[PDB]
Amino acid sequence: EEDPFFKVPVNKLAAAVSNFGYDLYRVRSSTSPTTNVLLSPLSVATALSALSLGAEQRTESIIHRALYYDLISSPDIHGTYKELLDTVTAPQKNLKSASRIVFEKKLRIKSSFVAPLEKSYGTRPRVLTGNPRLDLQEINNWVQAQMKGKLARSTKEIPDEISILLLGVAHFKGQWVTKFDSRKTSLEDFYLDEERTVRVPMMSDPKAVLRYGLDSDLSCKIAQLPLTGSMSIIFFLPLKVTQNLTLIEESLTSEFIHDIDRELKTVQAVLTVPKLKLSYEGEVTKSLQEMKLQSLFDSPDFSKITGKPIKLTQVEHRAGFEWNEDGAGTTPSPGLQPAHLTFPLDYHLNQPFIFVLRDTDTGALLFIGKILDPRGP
């Protein structure tokens, strides 16, 4: 009566926080109609889950409902969270993801909050000093350490009015299971919309083995390419050239993506994929204020952290994402029984598309992009 996959606690928690991530993606995309969207919401959800350790029942419950924990009956959801983080940030996954809680200067933190925070989330609080330049330098150094320097350093100054600041950072550069032949990469058309076309570097595999399916309701075609480390990327490509992907965005949930994944079928296709090297640095404070989290910014109860009243004032996100032709090996070339019939398909990502990076074992959303322009911001 229940999908055995989502009965596994880590998989259920992955589904919950990834549903938070798809919600956040929808909010950001609705406010970015003409710009790329690039998010790794797991880091933001992790910052929020960690902060909930320091919250009393009311605020804790608000946070937990935003993270879809209300559908989970677990003895220790924070231990499950530690398991999930250890699984999806292992070396093979090529994903760096880090979360930080930053407190106003001179705040006195209870050790009873520091302890479970370190135990389950592997991070410790950072209390500001009041020197903007040194606080910015220290945050940049923390990001450099966590992301192996693969993210750009920030120049935005730390505001003076900060009670609680959450920081979520993520970087991904993966390796396809099946490399692209760099000799076939060339400049090709990318249709930004019905009336605009640009030239972008485009990787090509004319005989690509991928998992495919066409959704006529959403009027789009879906392809799945595996990556090393037991991950995959699922592309949603509209059938007509358009920047309007809202109907596709509305359907994205952990369970719906699991369904799509299960229903794709193996095929051979003429595949073109644009090279990607994207970055993002921004504030998601207002998006969260729109996501039933407003109470964190007025008068929440974080008395498990400190006796002085504190509140959320800022939530920052920095993300970097990259794929090129790099891959593990070439097509397997296995022995086959003779067959007469082929079923040719074309999958050309030469127009705005959405992509979702997912961990195969847990189903966790690790990265999501609306690519209106592969060249970047």
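Each residue number is its position in the shown sequence, starting from 1.
S.K.: Where do the C-alpha atoms have the higher mean temperature factor in this entry, in 128-136 or in 163-171?
M.R.: According to the entry, 128-136 carries the higher average C-alpha B-factor.
S.K.: Going by the B-factors listed in the PDB entry, is the mean over the C-alpha atoms higher for 74-82 or for 253-261?
M.R.: The entry gives the higher C-alpha B-factor average to 74-82.
S.K.: Out of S333, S52, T46, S40, which one has a C-alpha B factor higher than all the others in the entry?
M.R.: Going by the entry's C-alpha B-factors, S333 comes out highest.
S.K.: Is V198 in the lowest, middle or highest third of its chain when residues are ranked by C-alpha B-factor?
M.R.: Tercile = highest for this residue's CA B-factor.
S.K.: Ranking the modelled residues of this chain by C-alpha B-factor as given in the entry, is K308 in the lowest, middle or highest third?
M.R.: Answer is highest: the recorded C-alpha B-factor places it there.
S.K.: Divide the modelled residues of the chain into thirds by Cα B-factor and specify which third, lowest, middle or highest, holds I222.
M.R.: Lowest third - that is where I222 ends up once the chain's C-alpha B-factors are sorted.
S.K.: Within this chain's modelled residues, let me know which third the CA B factor of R211 belongs to: lowest, middle or highest.
M.R.: According to the entry, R211 has a C-alpha B-factor in the chain's lowest third.
S.K.: Please rank the C-alpha B-factors of the chain's modelled residues and tell me whether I63 sits in the lowest, middle or highest third.
M.R.: Within its chain, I63 is a middle-third residue by C-alpha B-factor, going by the deposited values.
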